[PDB]
Structure formats: C-alpha cells, structure tokens
Amino acid sequence: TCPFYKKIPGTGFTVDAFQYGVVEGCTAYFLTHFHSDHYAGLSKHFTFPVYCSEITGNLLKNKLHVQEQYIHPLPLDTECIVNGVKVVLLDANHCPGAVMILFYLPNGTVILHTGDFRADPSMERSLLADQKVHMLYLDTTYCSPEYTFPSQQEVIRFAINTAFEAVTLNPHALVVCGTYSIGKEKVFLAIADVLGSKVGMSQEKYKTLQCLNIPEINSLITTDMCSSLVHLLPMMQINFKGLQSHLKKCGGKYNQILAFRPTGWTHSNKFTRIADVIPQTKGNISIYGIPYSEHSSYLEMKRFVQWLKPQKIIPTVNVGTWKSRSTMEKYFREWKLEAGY
Ligand code: NI
C-alpha cells in the first residue's frame, strides 16, 4: 500500500507512487524524475495521467513506451492549473529533467515536494522567495553531518586534469567512465571535451542521451567506439576483470586504461581531500572513485531548510528505521532552535 509521505493532502495527487496499483482517490500521478526507484511500476500499459517535465516525458515515451495520450509535460517556472489546483515545477539540480513541485492547496496551505535534489543558494531566488511554505517533503539522503563532499566544479576540475595528464603522457591510454542511470553526464562530457574526442557508447545509452535536450549533443556523443577515446560502460563492468576484457576488444589500439566511477559519498571523504585522491591500480589499469554528488550535503540541506523556515518537515529518504527517523528529527529541531522559527 502507498505510504503517507507519497500523498499530497487536500488533493487527488500522488508523487512518485507507481508501484502500488490503482491508488484509491488519485486523479493525477506526478513523477519528479526518471530514476528507477521513483518510476518503479510504470510501463506501456499505464492508463492514468502522468504529470512531469518535458525531459522526463521524452524518456517515458521513448524508453518505457508509455503512450503519448497519458503524458502531460509542464514547463518550468510557470504557474499551471491541474485538476483545479495551481502547481509550479522548479529545477531540482539533480539529473536531467528532475523537478521539485510547489502545490497551492485550495484551503491556503502551500506544500513543496523536493523530489531528489541538490540544494543550492540559487534556489533562494526562484519562485520560492515569493510566499510562505507550510509543509516540506524533503530529500534527506545525506541528512547527517559526516556527509561532506566537494562542489561539482572542484570534482570536474580533478577529473579533467587527471585525464589530460595521463593521455598526454601516453597517447595510447583509453579513458572509461561508468554509468547506470541518467545523471552525472558532466563527468564524461568534460573529459571528452579536454581530449578533443566524442564519447562512445552503446545504442541503448545513446538513445537515452538523445532524450535529454542537451545543446549540441550530436557534436558530443557517438555509437562508433573506434573513433572515440572516451568510452562509457555499465557501472558493473568498472573493475579489473571487466576493464581487461574491454581492452581486449579494442584490437591493440590501446595499452592502458584510466577509469572513473562517480559514486555518491564514500567514507574516504571523512579524512581525505579531493586533491589527495588516489586510484586503485593493477598492471596497466587504474580506477578512480570520484565523489560527484547529485544530492545535498548535510550543510547545503541545513542552509536551505533554515532559509525556507517550513512549519512541518516530512522526510522521504531513510524512513525505514526508527534510528534513522529519530536522528533526522533531532537535526530538524536543532536547526529550528538555532534559526528561531
Ligand atoms: Ni534520483
């Protein structure tokens, strides 16, 4: 059965609730972004209205085959009426097409559902600035102070500098980057850009990237592996066995692999700086784990919430244990006492 934190009171609406069958009372199903834990349950036989971004709607049609008549894309930053209720979609600074949803209830309550997000000070100058928000449905993935990681810009700088150095020392080195969902496209695009190459990938991944409205994408990616010196592979293949097997397939064109795994957080973050990160190596293969996050750090999350000053917070992540729930509730109270709301 559908959990309470996926339901929007005072409406016929649910958020990211496609794996519970026909939800009793639901006249519109919103989808925040195209990640499988959130779309789980959607398929070509779905017959209810789905509300989402243009980009999410491209992926629903092309990848899941949802029929067009049930896909309702909305523009961002624009007041829209859905089944008699004003809503706005905001950029969530997560993966391509990811949104936060503002609901303006008929009784006067305003609710923000963040979906998955990476909080940013720029959000303090969106349409959120313009009225009070009573209830916040919050992505609490990294809601604990140990969760530190660098800016996306610092991480991309590390990756660009590492790749350009290795390939300039050895022009016969191949760069490989892991992927298993949309998001984090800057990692492989920034590295291919410094090397003067397109990124090579499977037909299935090329198809996915052609749904994302990235400017000038036809100039940046390709299915011809032979012409490319940055290859994308499934995340499961980014290990010594998988990468050895891939190098065999390249027909003696290359004699060294440098590979990147963009993880979220890893406990090496508590001690080590981004400057100081070192790879795991075996022979002519080196693997870097780089902390490129599409979710808020603890400090970024705290700044956002202390700015927004909501009356009530409903977590949407880490809700399955009493210890987690109690931990999160303590931090919410600290924040509220420190700021005075
Ligand atoms: Ni996500």
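Numbering starts at 1 and runs along the sequence shown.
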Item to check | Over 12 non-hydrogen atoms of neighbours within 6.0 angstrom of CD1 in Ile278 | outcome: no
Checklist entry - Is it true that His172 and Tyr254 have ring centroids separated by less than 6.0 Å? => result no
Checklist entry - Looking only at side chains, do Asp16 and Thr32 share a donor and an acceptor under 3.5 Å apart? => result yes
Checklist entry - Hey, would you say the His38 and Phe34 ring centroids sit under 6.0 Å apart? => result no
Checklist entry - Between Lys207 and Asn62, which heavy-atom pair has the shortest distance, and what is it? => result NZ-O, 2.8 Å
Next on the checklist: Ignoring hydrogens and geometry beyond distance, is a side-chain donor-acceptor pair present between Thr222 and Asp224 at under 3.5 Å?
Outcome noted: no
Checklist outcome for this item: Those residues at least two apart in sequence (or on a different chain) that pass ring pair (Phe, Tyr, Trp, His ring centres under 6.0 Å) with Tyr331 are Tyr298
Next on the checklist: Please report whether the ring centroid of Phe260 lies less than 6.0 Å from that of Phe188.
Outcome noted: no
Next on the checklist: Between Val319 and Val317, is there shared hydrophobic-cluster membership here, with clusters defined by ILVMFWY side-chain heavy atoms closer than 4.5 Å?
Outcome noted: no
Checklist entry - Would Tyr292 and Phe149 count as a close aromatic pair, with their ring centres under 6.0 Å? => result no
Checklist entry - In terms of hydrophobic clusters joined by side-chain contacts under 4.5 Å, are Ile55 and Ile214 together? => result yes
Next on the checklist: If hydrophobic clusters are built from ILVMFWY residues whose side chains come within less than 4.5 Å, do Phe30 and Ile314 share one?
Outcome noted: yes
Checklist entry - Going by distance alone, is a donor N or O of one side chain under 3.5 Å from an acceptor N or O of the other, for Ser324 and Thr327? => result no
Checklist entry - Does a side chain donor of either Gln306 or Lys302 reach within less than 3.5 Å of an acceptor in the other side chain? => result yes
Next on the checklist: Can you confirm whether or not the ring centre of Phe46 sits under 6.0 Å from the ring centre of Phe18?
Outcome noted: yes
Item to check | same_hphob_cluster(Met235, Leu174) at 4.5 Å side-chain heavy-atom cutoff | outcome: no
Checklist entry - Is the side chain of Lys44 donor-acceptor paired with the backbone N or O of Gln67 at a distance under 3.5 Å, no angle test? => result no
Next on the checklist: If you compare all heavy atoms of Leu60 against all heavy atoms of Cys52, which two are closest, and at what distance to 0.1 Å?
Outcome noted: CD1-SG, 4.1 Å
Item to check | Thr78 side-chain N/O to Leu76 backbone N/O, donor-acceptor pair under 3.5 Å | outcome: yes
Item to check | salt bridge (charged side-chain N to carboxylate O under 4.0 Å, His left out): pairs with one or both residues in residues 129-139, sequence neighbours excluded | outcome: none
Item to check | Donor-acceptor pair, side chain of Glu154 and main chain of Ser151, under 3.5 angstrom | outcome: yes
Checklist entry - Salt bridge or not for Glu124 and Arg303, using N-O below 4.0 Å? => result yes
Checklist entry - So, for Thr168 and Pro171, which heavy atoms are closest and what is the spacing to 0.1 Å? => result O-CD, 4.1 Å
Checklist entry - If you look at every heavy atom in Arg325 and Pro315, which pair is closest and at what distance? => result NH1-CG, 4.3 Å
Checklist outcome for this item: In terms of heavy-atom contacts, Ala98 and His33 come closest through CB-CB, 3.6 Å
Checklist entry - Would one find more than 12 heavy atoms of other residues, nucleotides or ligands at under 6.0 Å from atom NZ of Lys61? => result no
Checklist entry - Can you get from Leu195 to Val155 by hopping between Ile, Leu, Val, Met, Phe, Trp and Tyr side chains that sit under 4.5 Å apart? => result yes
Checklist entry - Thinking salt bridges, do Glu294 and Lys186 make one under a 4.0 Å N-O criterion? => result no
